[PDB]
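Before any comments, here is the structure.
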Amino acid sequence: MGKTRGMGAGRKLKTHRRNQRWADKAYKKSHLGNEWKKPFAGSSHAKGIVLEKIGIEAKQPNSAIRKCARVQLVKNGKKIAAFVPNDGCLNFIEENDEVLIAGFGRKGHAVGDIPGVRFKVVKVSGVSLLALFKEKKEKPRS
Amino acid sequence: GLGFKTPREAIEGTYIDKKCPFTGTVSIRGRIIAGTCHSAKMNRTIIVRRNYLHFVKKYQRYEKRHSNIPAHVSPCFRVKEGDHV
Amino acid sequence: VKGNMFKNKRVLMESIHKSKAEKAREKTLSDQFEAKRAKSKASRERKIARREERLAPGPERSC
Amino acid sequence: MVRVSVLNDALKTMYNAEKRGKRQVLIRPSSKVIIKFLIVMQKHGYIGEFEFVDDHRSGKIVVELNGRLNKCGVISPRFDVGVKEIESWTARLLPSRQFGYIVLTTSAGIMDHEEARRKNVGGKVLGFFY
Amino acid sequence: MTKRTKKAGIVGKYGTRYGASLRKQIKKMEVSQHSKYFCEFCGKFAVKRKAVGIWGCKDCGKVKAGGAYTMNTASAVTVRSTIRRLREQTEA
RNA sequence: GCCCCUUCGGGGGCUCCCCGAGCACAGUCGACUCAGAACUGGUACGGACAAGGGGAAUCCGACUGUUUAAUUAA
RNA sequence: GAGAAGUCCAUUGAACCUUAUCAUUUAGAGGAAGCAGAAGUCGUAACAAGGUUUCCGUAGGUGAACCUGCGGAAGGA
RNA sequence: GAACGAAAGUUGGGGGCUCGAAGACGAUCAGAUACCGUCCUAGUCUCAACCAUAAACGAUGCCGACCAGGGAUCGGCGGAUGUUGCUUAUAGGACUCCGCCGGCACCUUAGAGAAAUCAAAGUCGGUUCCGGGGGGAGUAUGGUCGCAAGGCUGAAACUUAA
RNA sequence: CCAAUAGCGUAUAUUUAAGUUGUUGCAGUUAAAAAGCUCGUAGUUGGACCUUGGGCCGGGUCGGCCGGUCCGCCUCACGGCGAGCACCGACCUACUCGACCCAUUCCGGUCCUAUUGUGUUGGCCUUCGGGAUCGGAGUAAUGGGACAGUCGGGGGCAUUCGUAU
RNA sequence: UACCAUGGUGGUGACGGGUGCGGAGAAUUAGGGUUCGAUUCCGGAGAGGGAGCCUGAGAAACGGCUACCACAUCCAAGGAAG
RNA sequence: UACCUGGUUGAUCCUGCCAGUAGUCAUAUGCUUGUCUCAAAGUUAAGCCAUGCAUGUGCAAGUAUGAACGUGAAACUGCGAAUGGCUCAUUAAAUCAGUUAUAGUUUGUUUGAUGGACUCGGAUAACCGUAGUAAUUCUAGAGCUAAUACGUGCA
RNA sequence: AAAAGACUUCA
């Protein structure tokens, strides 16, 4: 608009500016973080919820292989997790809830819900009802 | 033998008192930029050789590509300009 | 020299002689310009003369 | 800059005005636009009064329509000359659907888009007279 | 500047040793004297300091009383102006 | 004086010093010292001798300065 | 006439240690309270001309929200 | 790049009345360091020299063209017109009285604007700067300027469904 | 109940939407946003009219591998695969035309060049063009600032007056 | 590499820093751009890290050496060995 | 086709962003796959590596031939092992692209051009006979032997 | 031209 489109020595100036102003996110991402990350955790705790209403979800803190410790939410009803184990984390965004930057999605040692149907691959079990959980527990022990 | 030409103007040549046979030629070019369609100009200056002598600054000349007598002096002052009589 | 751009006895000389060549080459391009003005004057001064030359026939052709 | 916009604005404003005609100062390129306007029957005619010695010129351009509706339903500048926003013989992006015309100072001269298209010339669009 | 960041004038005279409130003033108040000044008589950029409150122009040689640090100042100016105004009202 | 042209008869042609502008060196008098190279030795090359050991945390007094002349220099 | 092991000068010109410093991953001397949860105390500032009209640059200074001096503004009577 | 740039602050020196932060106190009151009252210093001010910022506002960058009128305000200008009123051959200062040119502002339009409104903030052209959801933040850190105050320059982690 | 259905969602990455980096495709009066304002450049742009060149344009002809993409044909039962054919490609390089817009000619002096017609080859002389020095005749060259006037509370300096305190 | 000259470059971004191969192309999206640049085609580069050399028309060589370092290996543990 | 709809609110319109929705990757969670058929196939460590193996030819390249039976075959010489493969670490660069320059230069072999059947000798591996650091890897004291690889005379 | 302050969370 200023110039719009001319010649004699002049396009370049507001090419520079646009990059510089840039909102979104530069240089892909990692100041924590992304990608499938398997943090082995030993903190089971409970944390509060966002300004709108209350609850008390049960959470488990996990320390990541890529060196970070944060609180992650667990989805599905019920759960157990043991010696360590390795529970794999999606790192999805709420757009926010306090200190809860990620959640650990179902993955290996991260179990799924009390023998059901309803459904079974959100909130999740085993063959027909259960069958998977029985086997799952065995793995870490031996 | 040469060599294609670029037009340019004599930026300097006198640093200082005497300089050895050669001049600096600023050349200007532009291209129409895809997208905004405003042309961008981008200079370049090249060190032209002056065995002929008589080449003063603010002088439009023609550069032709030539054998390098050093390195980054690639070009030669193929011709100059002026008028009558 | 007070700027101390040059350090030594040889090393002064080449910059002065480069400049003698640039400013002199400026001076041959300048004499070439100065000659060119005098020549364009000469050409002009011929045109103006033969403007006045072409004027004098017009009365002649008439009578 | 260039006049160009003033001439254009003056015309459409005039139409709304239902003014008989309008006047302003002019060139060959802004006579040129005017002529194209006449050629494609946008305006009745145009004149350039006092055109020989005085310090300026002017141009009495007569508007066409009078009555009911006005001939120039819409005229807008887009980008003037010297220039860039530039089109190619073929690149011709546009309005109307051939109902209108786009004055384009081509290479060849200032002609209408159709001629330039034929003319096998691109150039720089002046405006889209509708 | 040249090879100076903050700025200086005097400040090397302190060094690293010495300290800040006082350093804001003392560049300013020795250096404002140091500023070549044009002589009131001649106009050449001669005026330099003989002693405290003593100023002298090198070219014409005219030596003048003035402020300690500075060639002049507001106070002297005001006093001269008032006197002149008073003489002009009396003359009336 | 040299080139020169000729049908052999006889002819034709042509400074020093200092300056403006185009395309290293030589001769007198000849020295301290900064760098650079090559071989090669020694155990070691500032070979002697002289000649800073360095770093961090804390306390005090801002600093240079002064003080128990003859047990205190902080 | 060819010329082995070979030894020296000169050159391109490896790797450990000599720098001195910058960068990255880190931890971290000691320290300041920026945002936040709801489940806290203090006052009641701003919010209606908010009970002293608001806001503002500027310095001072106050438990603090802040106050006020000076000048400016109407997003103010 | 460079210049100027309120006030308040800062610094030397002169003057220092009214005023007047802070501070000293009385009332209020639960507390007042508060409004409200008295007192009071730098300051207010002058000459020298810094700062570079204000709600620096017309909350409207700056350049140019066009597109509605209406009441008169100042300057000049073209006057028209006589009279006050001077002076007095006479004329303007103004005055009855219209027009132009520049600014002003209101009153005030119709297509725009989110509407409020604007008649420029219009109808679309030139040009620079500059913007980025709020808060974190006009902040951190480094560089630059300043005696200092501070200013210009200028992020993220994170937090929130605004 | 149902969307889709040998697949589906979930996360990460990326793009559209998001005219939310706006060239097409937006704001800066109250929404993020007009620089306090000027003096000035490098840098975007340019009132009228005539004429010359021609960097910005048409035709071009080169290259623009294959694969992929698009059309359509068959081939493995079908299909996708794959085969074979066709059609499009910015842009960039030659060439030529094209322009709206961003002093000279002649004639002679003076100097050079001069295969020639010659078995052959050397020397020599005059005239005309190009090249060089020329002489004469016909014929060109063209918003700012200035002067008179006016206001003002424009700035700086001097004078001078008073209420009030 | 000697000698002489002291330069050449950058407000049209030189010199420098960071970057979770370059082109042919891929994905989008009506177009514009954005994005992506890669395994394949093409060119370049390096073979644990780095320099040098012989050989051969052509190598500065993954399937050659030299050999410092890094790291596994063989051992009748002297030396070889990748 | 692309186009949108939820959330600031008592309710509204505008600014504006979060989020759903749409497509897509060299990817993962994966529950779940009767099927024909083709295809991707370690931007993590340019970390570190055991095991087999990734280069061969004498019925006109070359004289000779122990051992095997004119036919095959181990070494030497010629052609080759540098092509190819794979990975983007390095990497913003005349690095690469596209256009030119190159008499400023290379091209062996080949396709193509230009030049051109007297007499000859020389030692050598395989094969051998034993061996040293020696289990060694490795090669030599060493008998024997063949050269369009070598050295020559030269119109 | 005003003495005077408070008033838990989600709905």
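Going by the structure tokens order, chains are called A, B, ..., each with residues numbered from 1, while ligands are numbered from 1 in the order shown.
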Note to self: Could you work out which residues of chain C fall inside 7 Å of chain I? Count only C-alpha atoms (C1' of nucleotides), and format the result as an NGL selection string.
What the structure shows: :C and (43-51 or 53-54)
For the residues in the current selection, export C-alpha atoms as an mmCIF file, in the first residue's frame.
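As a result, selection36.cif now contains:
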```cif
data_model
loop_
_atom_site.group_PDB
_atom_site.id
_atom_site.type_symbol
_atom_site.label_atom_id
_atom_site.label_comp_id
_atom_site.auth_asym_id
_atom_site.auth_seq_id
_atom_site.Cartn_x
_atom_site.Cartn_y
_atom_site.Cartn_z
ATOM 1 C CA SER C 43 29.084 22.878 -34.131
ATOM 2 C CA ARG C 44 26.445 25.249 -32.676
ATOM 3 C CA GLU C 45 28.160 28.344 -33.899
ATOM 4 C CA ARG C 46 28.146 26.758 -37.391
ATOM 5 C CA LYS C 47 24.289 26.084 -37.087
ATOM 6 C CA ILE C 48 23.607 29.637 -35.857
ATOM 7 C CA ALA C 49 25.626 31.016 -38.849
ATOM 8 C CA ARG C 50 23.965 29.003 -41.268
ATOM 9 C CA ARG C 51 20.587 29.781 -39.682
ATOM 10 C CA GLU C 53 22.645 32.196 -43.962
ATOM 11 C CA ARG C 54 19.347 30.394 -44.744
#
```
Next item on the list: Mind the document's chain letters and residue numbers, and return as a ChimeraX atom specification the residues of chain D that DSSP labels alpha helix (DSSP H).
Entry: /D:5-17,28-39,113-119
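Look at stretch 31-35 of chain J: the protein and nucleic acid residues within 9 Å of it, using only C-alpha atoms (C1' of nucleotides) and passing over chain neighbours fewer than 3 places away, are residues 35 of chain B; 14, 15, 23 and 24 of chain I; 27 and 28 of chain J.
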Next item on the list: Can you pull out every residue within 7 Å of residue D:6, counting only C-alpha atoms (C1' of nucleotides), but drop anything in the same chain fewer than 3 positions away, and send it as a list in words?
Entry: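 Listed by chain and then number, they are residues 3, 9 and 10 of chain D; 65 and 66 of chain H.
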Note to self: Using only C-alpha atoms (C1' of nucleotides) and a cut-off of 7 Å, which residues of chain B sit close to chain J? Please list them as a PyMOL selection string.
What the structure shows: chain B and resi 20+41-43
Note to self: Within 10 Å of chain A, which residues belong to chain G? Use only C-alpha atoms (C1' of nucleotides) and report them as a PyMOL selection string.
What the structure shows: chain G and resi 36-38
Item checked: All residues 12 Å or closer to residue I:112, only C-alpha atoms (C1' of nucleotides), same chain fewer than 6 positions away omitted, as a PyMOL selection string -> chain I and resi 130-133
Output the selection as a PDB file, in the first residue's frame - N, CA and C atoms (P, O5', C5', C4', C3', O3' and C1' of nucleotides) for each residue.
```
ATOM      1  P     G I 130      35.007  10.698 -47.404  1.00  0.00           P
ATOM      2  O5'   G I 130      35.757   9.418 -46.838  1.00  0.00           O
ATOM      3  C5'   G I 130      35.090   8.411 -46.023  1.00  0.00           C
ATOM      4  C4'   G I 130      36.116   7.372 -45.600  1.00  0.00           C
ATOM      5  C3'   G I 130      36.918   7.946 -44.483  1.00  0.00           C
ATOM      6  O3'   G I 130      36.141   7.890 -43.227  1.00  0.00           O
ATOM      7  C1'   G I 130      38.351   7.108 -45.805  1.00  0.00           C
ATOM      8  P     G I 131      36.266   9.149 -42.313  1.00  0.00           P
ATOM      9  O5'   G I 131      37.767   9.145 -41.797  1.00  0.00           O
ATOM     10  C5'   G I 131      38.229   8.098 -40.960  1.00  0.00           C
ATOM     11  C4'   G I 131      39.735   8.216 -40.791  1.00  0.00           C
ATOM     12  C3'   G I 131      40.248   9.605 -40.392  1.00  0.00           C
ATOM     13  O3'   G I 131      40.049   9.853 -38.987  1.00  0.00           O
ATOM     14  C1'   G I 131      41.631   8.709 -42.078  1.00  0.00           C
ATOM     15  P     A I 132      39.661  11.330 -38.464  1.00  0.00           P
ATOM     16  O5'   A I 132      40.974  12.207 -38.807  1.00  0.00           O
ATOM     17  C5'   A I 132      42.072  11.985 -37.883  1.00  0.00           C
ATOM     18  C4'   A I 132      43.330  12.795 -38.107  1.00  0.00           C
ATOM     19  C3'   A I 132      43.131  14.292 -38.241  1.00  0.00           C
ATOM     20  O3'   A I 132      43.233  14.950 -36.950  1.00  0.00           O
ATOM     21  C1'   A I 132      44.281  13.567 -40.123  1.00  0.00           C
ATOM     22  P     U I 133      42.329  16.174 -36.592  1.00  0.00           P
ATOM     23  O5'   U I 133      43.113  17.327 -37.336  1.00  0.00           O
ATOM     24  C5'   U I 133      44.364  17.815 -36.836  1.00  0.00           C
ATOM     25  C4'   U I 133      45.042  18.897 -37.716  1.00  0.00           C
ATOM     26  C3'   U I 133      44.253  20.130 -38.093  1.00  0.00           C
ATOM     27  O3'   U I 133      44.352  21.022 -37.002  1.00  0.00           O
ATOM     28  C1'   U I 133      45.174  19.229 -39.973  1.00  0.00           C
TER      29        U I 133
END
```
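Note that atom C1' of residue H:14 and atom CA of residue E:81 are 13.0 Å apart.
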I need the strand (DSSP E or B) residues of chain A per DSSP on the backbone, written as a PDB file with N, CA, C and O atoms, in the first residue's frame.
```
ATOM      1  N   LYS A  37       7.231 -38.849  23.603  1.00  0.00           N
ATOM      2  CA  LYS A  37       8.218 -38.830  24.642  1.00  0.00           C
ATOM      3  C   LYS A  37       7.781 -39.811  25.683  1.00  0.00           C
ATOM      4  O   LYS A  37       6.618 -39.819  26.074  1.00  0.00           O
ATOM      5  N   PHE A  40       9.544 -41.851  32.461  1.00  0.00           N
ATOM      6  CA  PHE A  40       9.318 -42.846  33.474  1.00  0.00           C
ATOM      7  C   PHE A  40       9.135 -42.134  34.770  1.00  0.00           C
ATOM      8  O   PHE A  40      10.043 -41.460  35.249  1.00  0.00           O
ATOM      9  N   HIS A  45       0.250 -37.903  42.289  1.00  0.00           N
ATOM     10  CA  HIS A  45      -0.186 -36.807  43.108  1.00  0.00           C
ATOM     11  C   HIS A  45      -1.512 -36.354  42.586  1.00  0.00           C
ATOM     12  O   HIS A  45      -2.033 -36.920  41.629  1.00  0.00           O
ATOM     13  N   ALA A  46      -2.126 -35.344  43.239  1.00  0.00           N
ATOM     14  CA  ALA A  46      -3.365 -34.817  42.737  1.00  0.00           C
ATOM     15  C   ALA A  46      -3.194 -33.331  42.661  1.00  0.00           C
ATOM     16  O   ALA A  46      -2.620 -32.726  43.566  1.00  0.00           O
ATOM     17  N   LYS A  47      -3.691 -32.705  41.569  1.00  0.00           N
ATOM     18  CA  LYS A  47      -3.554 -31.282  41.384  1.00  0.00           C
ATOM     19  C   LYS A  47      -4.931 -30.728  41.119  1.00  0.00           C
ATOM     20  O   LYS A  47      -5.861 -31.478  40.826  1.00  0.00           O
ATOM     21  N   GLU A  57      -8.751 -34.045  39.702  1.00  0.00           N
ATOM     22  CA  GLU A  57      -8.468 -35.196  38.918  1.00  0.00           C
ATOM     23  C   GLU A  57      -7.280 -35.828  39.542  1.00  0.00           C
ATOM     24  O   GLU A  57      -6.516 -35.164  40.242  1.00  0.00           O
ATOM     25  N   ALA A  58      -7.115 -37.145  39.338  1.00  0.00           N
ATOM     26  CA  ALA A  58      -5.966 -37.801  39.875  1.00  0.00           C
ATOM     27  C   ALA A  58      -4.930 -37.705  38.802  1.00  0.00           C
ATOM     28  O   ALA A  58      -5.226 -37.930  37.629  1.00  0.00           O
ATOM     29  N   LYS A  59      -3.685 -37.346  39.182  1.00  0.00           N
ATOM     30  CA  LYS A  59      -2.653 -37.125  38.213  1.00  0.00           C
ATOM     31  C   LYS A  59      -1.429 -37.871  38.643  1.00  0.00           C
ATOM     32  O   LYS A  59      -1.403 -38.465  39.719  1.00  0.00           O
ATOM     33  N   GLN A  60      -0.403 -37.923  37.767  1.00  0.00           N
ATOM     34  CA  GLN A  60       0.834 -38.557  38.119  1.00  0.00           C
ATOM     35  C   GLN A  60       1.930 -37.722  37.526  1.00  0.00           C
ATOM     36  O   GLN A  60       1.943 -37.490  36.320  1.00  0.00           O
ATOM     37  N   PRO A  61       2.845 -37.251  38.335  1.00  0.00           N
ATOM     38  CA  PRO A  61       3.934 -36.475  37.788  1.00  0.00           C
ATOM     39  C   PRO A  61       4.897 -37.403  37.105  1.00  0.00           C
ATOM     40  O   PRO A  61       5.019 -38.536  37.561  1.00  0.00           O
ATOM     41  N   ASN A  62       5.582 -36.970  36.018  1.00  0.00           N
ATOM     42  CA  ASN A  62       6.520 -37.838  35.352  1.00  0.00           C
ATOM     43  C   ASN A  62       7.727 -37.024  34.987  1.00  0.00           C
ATOM     44  O   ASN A  62       7.596 -35.865  34.594  1.00  0.00           O
ATOM     45  N   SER A  63       8.935 -37.622  35.079  1.00  0.00           N
ATOM     46  CA  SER A  63      10.149 -36.953  34.691  1.00  0.00           C
ATOM     47  C   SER A  63      10.552 -37.544  33.366  1.00  0.00           C
ATOM     48  O   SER A  63      10.727 -38.756  33.247  1.00  0.00           O
ATOM     49  N   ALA A  69      10.427 -32.225  34.148  1.00  0.00           N
ATOM     50  CA  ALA A  69       9.491 -32.827  35.055  1.00  0.00           C
ATOM     51  C   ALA A  69       8.272 -31.968  35.022  1.00  0.00           C
ATOM     52  O   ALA A  69       8.350 -30.761  35.250  1.00  0.00           O
ATOM     53  N   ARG A  70       7.103 -32.574  34.742  1.00  0.00           N
ATOM     54  CA  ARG A  70       5.891 -31.813  34.657  1.00  0.00           C
ATOM     55  C   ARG A  70       4.796 -32.699  35.147  1.00  0.00           C
ATOM     56  O   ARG A  70       5.026 -33.872  35.434  1.00  0.00           O
ATOM     57  N   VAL A  71       3.567 -32.156  35.272  1.00  0.00           N
ATOM     58  CA  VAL A  71       2.463 -32.960  35.719  1.00  0.00           C
ATOM     59  C   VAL A  71       1.697 -33.351  34.490  1.00  0.00           C
ATOM     60  O   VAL A  71       1.506 -32.531  33.592  1.00  0.00           O
ATOM     61  N   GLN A  72       1.270 -34.630  34.388  1.00  0.00           N
ATOM     62  CA  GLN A  72       0.508 -35.058  33.248  1.00  0.00           C
ATOM     63  C   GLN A  72      -0.787 -35.628  33.728  1.00  0.00           C
ATOM     64  O   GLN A  72      -0.872 -36.188  34.820  1.00  0.00           O
ATOM     65  N   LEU A  73      -1.846 -35.448  32.913  1.00  0.00           N
ATOM     66  CA  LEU A  73      -3.141 -35.984  33.209  1.00  0.00           C
ATOM     67  C   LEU A  73      -3.203 -37.364  32.633  1.00  0.00           C
ATOM     68  O   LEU A  73      -2.468 -37.699  31.704  1.00  0.00           O
ATOM     69  N   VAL A  74      -4.073 -38.214  33.214  1.00  0.00           N
ATOM     70  CA  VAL A  74      -4.289 -39.539  32.721  1.00  0.00           C
ATOM     71  C   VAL A  74      -5.732 -39.585  32.347  1.00  0.00           C
ATOM     72  O   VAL A  74      -6.582 -39.063  33.070  1.00  0.00           O
ATOM     73  N   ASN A  86       7.325 -47.193  31.939  1.00  0.00           N
ATOM     74  CA  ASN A  86       7.426 -46.195  30.905  1.00  0.00           C
ATOM     75  C   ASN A  86       6.042 -46.003  30.350  1.00  0.00           C
ATOM     76  O   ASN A  86       5.464 -46.917  29.765  1.00  0.00           O
ATOM     77  N   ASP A  87       5.482 -44.787  30.535  1.00  0.00           N
ATOM     78  CA  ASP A  87       4.169 -44.415  30.091  1.00  0.00           C
ATOM     79  C   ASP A  87       4.375 -43.370  29.030  1.00  0.00           C
ATOM     80  O   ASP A  87       5.021 -42.359  29.295  1.00  0.00           O
ATOM     81  N   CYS A  89       3.675 -40.367  26.340  1.00  0.00           N
ATOM     82  CA  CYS A  89       2.955 -39.122  26.427  1.00  0.00           C
ATOM     83  C   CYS A  89       2.848 -38.387  25.111  1.00  0.00           C
ATOM     84  O   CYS A  89       3.839 -38.132  24.423  1.00  0.00           O
ATOM     85  N   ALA A 102       0.789 -31.332  29.384  1.00  0.00           N
ATOM     86  CA  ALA A 102       0.712 -32.524  28.594  1.00  0.00           C
ATOM     87  C   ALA A 102      -0.170 -33.493  29.297  1.00  0.00           C
ATOM     88  O   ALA A 102      -0.608 -33.265  30.421  1.00  0.00           O
ATOM     89  N   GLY A 103      -0.493 -34.595  28.602  1.00  0.00           N
ATOM     90  CA  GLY A 103      -1.233 -35.656  29.207  1.00  0.00           C
ATOM     91  C   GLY A 103      -0.587 -36.897  28.711  1.00  0.00           C
ATOM     92  O   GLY A 103      -0.002 -36.889  27.632  1.00  0.00           O
ATOM     93  N   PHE A 104      -0.665 -37.999  29.481  1.00  0.00           N
ATOM     94  CA  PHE A 104      -0.042 -39.181  28.971  1.00  0.00           C
ATOM     95  C   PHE A 104      -1.097 -40.077  28.412  1.00  0.00           C
ATOM     96  O   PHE A 104      -1.942 -40.611  29.130  1.00  0.00           O
ATOM     97  N   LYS A 107      -0.424 -46.115  26.140  1.00  0.00           N
ATOM     98  CA  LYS A 107       0.836 -46.372  25.521  1.00  0.00           C
ATOM     99  C   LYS A 107       1.620 -47.286  26.393  1.00  0.00           C
ATOM    100  O   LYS A 107       2.198 -46.865  27.395  1.00  0.00           O
ATOM    101  N   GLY A 108       1.663 -48.574  25.978  1.00  0.00           N
ATOM    102  CA  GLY A 108       2.438 -49.627  26.582  1.00  0.00           C
ATOM    103  C   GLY A 108       1.897 -49.959  27.928  1.00  0.00           C
ATOM    104  O   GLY A 108       0.888 -50.644  28.081  1.00  0.00           O
ATOM    105  N   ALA A 110       0.799 -47.651  30.024  1.00  0.00           N
ATOM    106  CA  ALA A 110      -0.353 -46.877  30.418  1.00  0.00           C
ATOM    107  C   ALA A 110      -1.545 -47.703  30.024  1.00  0.00           C
ATOM    108  O   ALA A 110      -1.769 -47.965  28.844  1.00  0.00           O
ATOM    109  N   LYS A 120     -14.162 -49.768  23.855  1.00  0.00           N
ATOM    110  CA  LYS A 120     -12.652 -50.294  23.756  1.00  0.00           C
ATOM    111  C   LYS A 120     -11.213 -49.770  23.018  1.00  0.00           C
ATOM    112  O   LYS A 120     -10.278 -50.435  23.400  1.00  0.00           O
ATOM    113  N   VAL A 124     -10.303 -48.471  27.362  1.00  0.00           N
ATOM    114  CA  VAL A 124      -9.704 -49.452  26.507  1.00  0.00           C
ATOM    115  C   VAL A 124      -9.484 -50.644  27.385  1.00  0.00           C
ATOM    116  O   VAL A 124      -9.462 -50.473  28.592  1.00  0.00           O
TER     117      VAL A 124
END
```
Margin query: One decimal, in Å: what's the spacing between atom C1' of residue H:142 and atom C1' of residue G:22?
Written below: 15.3 Å
Note to self: Applying 6 Å and only C-alpha atoms (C1' of nucleotides), which residues near stretch 57-71 of chain J remain after dropping the ones on its own chain fewer than 3 positions away? List them as an MDAnalysis selection string.
What the structure shows: (chainID G and resid 14:15) or (chainID J and resid 47) or (chainID K and resid 82 108)
Check: If we count only C-alpha atoms (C1' of nucleotides), which residues of chain C reach to within 8 Å of chain J? Please list them as number ranges by chain.
Finding: C: 5-6, 10-15, 17-18
How would the residues just chosen look if you wrote them out with N, CA and C atoms as a PDB file, in the first residue's frame?
```
ATOM      1  N   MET C   5      47.445   6.307   7.890  1.00  0.00           N
ATOM      2  CA  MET C   5      46.869   5.276   6.954  1.00  0.00           C
ATOM      3  C   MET C   5      47.988   4.515   6.280  1.00  0.00           C
ATOM      4  N   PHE C   6      49.209   4.981   6.411  1.00  0.00           N
ATOM      5  CA  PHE C   6      50.282   4.418   5.691  1.00  0.00           C
ATOM      6  C   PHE C   6      51.394   4.396   6.685  1.00  0.00           C
ATOM      7  N   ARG C  10      57.893   3.019   1.648  1.00  0.00           N
ATOM      8  CA  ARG C  10      57.471   2.615   0.226  1.00  0.00           C
ATOM      9  C   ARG C  10      56.063   2.736   0.568  1.00  0.00           C
ATOM     10  N   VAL C  11      54.908   2.430  -0.012  1.00  0.00           N
ATOM     11  CA  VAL C  11      53.769   2.245   1.046  1.00  0.00           C
ATOM     12  C   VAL C  11      53.003   3.531   1.393  1.00  0.00           C
ATOM     13  N   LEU C  12      53.710   4.690   1.381  1.00  0.00           N
ATOM     14  CA  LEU C  12      53.219   6.013   1.071  1.00  0.00           C
ATOM     15  C   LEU C  12      52.992   6.185  -0.420  1.00  0.00           C
ATOM     16  N   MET C  13      53.972   5.739  -1.233  1.00  0.00           N
ATOM     17  CA  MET C  13      54.220   6.148  -2.590  1.00  0.00           C
ATOM     18  C   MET C  13      53.151   5.733  -3.568  1.00  0.00           C
ATOM     19  N   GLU C  14      52.686   4.470  -3.470  1.00  0.00           N
ATOM     20  CA  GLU C  14      51.783   3.750  -4.343  1.00  0.00           C
ATOM     21  C   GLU C  14      50.410   4.363  -4.324  1.00  0.00           C
ATOM     22  N   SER C  15      49.904   4.730  -3.129  1.00  0.00           N
ATOM     23  CA  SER C  15      48.680   5.546  -2.910  1.00  0.00           C
ATOM     24  C   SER C  15      48.741   6.903  -3.510  1.00  0.00           C
ATOM     25  N   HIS C  17      50.829   7.787  -6.092  1.00  0.00           N
ATOM     26  CA  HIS C  17      50.882   7.533  -7.482  1.00  0.00           C
ATOM     27  C   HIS C  17      49.663   6.930  -8.139  1.00  0.00           C
ATOM     28  N   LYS C  18      48.891   6.131  -7.346  1.00  0.00           N
ATOM     29  CA  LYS C  18      47.543   5.729  -7.749  1.00  0.00           C
ATOM     30  C   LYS C  18      46.607   6.876  -7.921  1.00  0.00           C
TER      31      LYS C  18
END
```
Check: Residues at most 12 Å from residue H:28, counting only C-alpha atoms (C1' of nucleotides), excluding those fewer than 6 positions away in the same chain, as a ChimeraX atom specification?
Finding: /H:34-37 /L:3-4
Check: Just how far from atom CA of residue B:74 is atom CA of residue B:18, in Å to one decimal?
Finding: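 Straight-line distance from atom CA of residue B:18 to atom CA of residue B:74 works out to 21.3 Å.
With only C-alpha atoms (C1' of nucleotides) as the atoms that count, the residue of B:82, B:69, B:8, B:45 with the shortest distance to chain K is B:69.
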Notebook entry, point to check: Given a cut-off of 8 Å, which residues of chain E touch chain I, counting only C-alpha atoms (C1' of nucleotides), written out as a list in words?
Noted result: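 Here is what falls inside 8 Å: residues 81, 84, 85, 86, 88, 89 and 92 of chain E.
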Could you write out that same residue set with N, CA and C atoms as a short mmCIF file (atom, residue, chain, number, x, y, z; two decimals), in the first residue's frame?
```
data_model
loop_
_atom_site.label_atom_id
_atom_site.label_comp_id
_atom_site.auth_asym_id
_atom_site.auth_seq_id
_atom_site.Cartn_x
_atom_site.Cartn_y
_atom_site.Cartn_z
N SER E 81 21.85 42.85 32.29
CA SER E 81 20.62 43.24 31.65
C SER E 81 19.83 44.14 32.53
N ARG E 84 21.30 47.72 32.67
CA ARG E 84 21.09 48.43 31.43
C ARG E 84 19.69 48.95 31.36
N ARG E 85 18.71 48.15 31.82
CA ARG E 85 17.33 48.55 31.82
C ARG E 85 17.07 49.71 32.72
N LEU E 86 17.71 49.71 33.91
CA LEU E 86 17.60 50.78 34.88
C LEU E 86 18.16 52.08 34.37
N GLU E 88 18.41 52.99 31.20
CA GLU E 88 17.48 53.37 30.18
C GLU E 88 16.19 53.98 30.69
N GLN E 89 15.61 53.47 31.80
CA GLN E 89 14.47 54.13 32.42
C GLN E 89 14.81 55.49 32.98
N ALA E 92 15.21 58.33 30.10
CA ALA E 92 13.86 58.54 29.60
C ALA E 92 13.29 59.95 29.31
#
```
